[PDB]
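[1] so I've got this experimental structure, pasted below with the sequence.
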Amino acid sequence: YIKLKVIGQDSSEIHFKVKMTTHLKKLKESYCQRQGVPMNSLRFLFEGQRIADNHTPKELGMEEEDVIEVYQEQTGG
Amino acid sequence: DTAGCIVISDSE
């Protein structure tokens, strides 16, 4: 399992453990469901770049204890 | 404090 560091702006320690086979597609909606918000309302920023729905945990370079940010979009979902 | 643990299972 790959445990990513999901530190919220409010200083919250969220441990999101994913796998290598899993698609980042479901990862995005799962986070939305966890926060109780519509899909595409939040944008994930990794090394400045935004995570796409067709992205994979294999590309870019994601490891254990990897720090990633997520902020609210302007679209509203 | 705040600790959140979520496990997701996704397969190709």
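    Yep, that arrived. Numbers count the residues shown, from 1 in each chain, chains lettered A, B, ... in the order given.

[2] can you give me the buried ones in stretch A:26-44?
    Judged by neighbour count using 16 or more other Cβ atoms under 10 Å in any protein chain shown, the buried positions of stretch A:26-44 are A:27, A:28, A:30, A:31, A:42, A:44. (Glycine included, C-beta is placed from N, CA and C.)

[3] how far away from the center of its chain is it?
    Centroid separation for stretch A:26-44 versus its chain: 8 Å, with Cα atoms, centre = their mean, to the nearest Å.

[4] for stretch A:41-58, same thing?
    The mean C-alpha position of stretch A:41-58 is separated from the chain mean by 7 Å, Cα atoms, centre = their mean.

[5] how about stretch B:3-11?
    That offset, for stretch B:3-11, works out to 2 Å (Cα atoms, centre = their mean).

[6] chain neighbours aside, what residue packs nearest to residue A:44?
    With Cβ to Cβ, 6 or more residues apart in numbering or on different chains as the criterion, residue A:44 has its nearest non-adjacent residue at 3.9 Å, and that residue is residue A:51.
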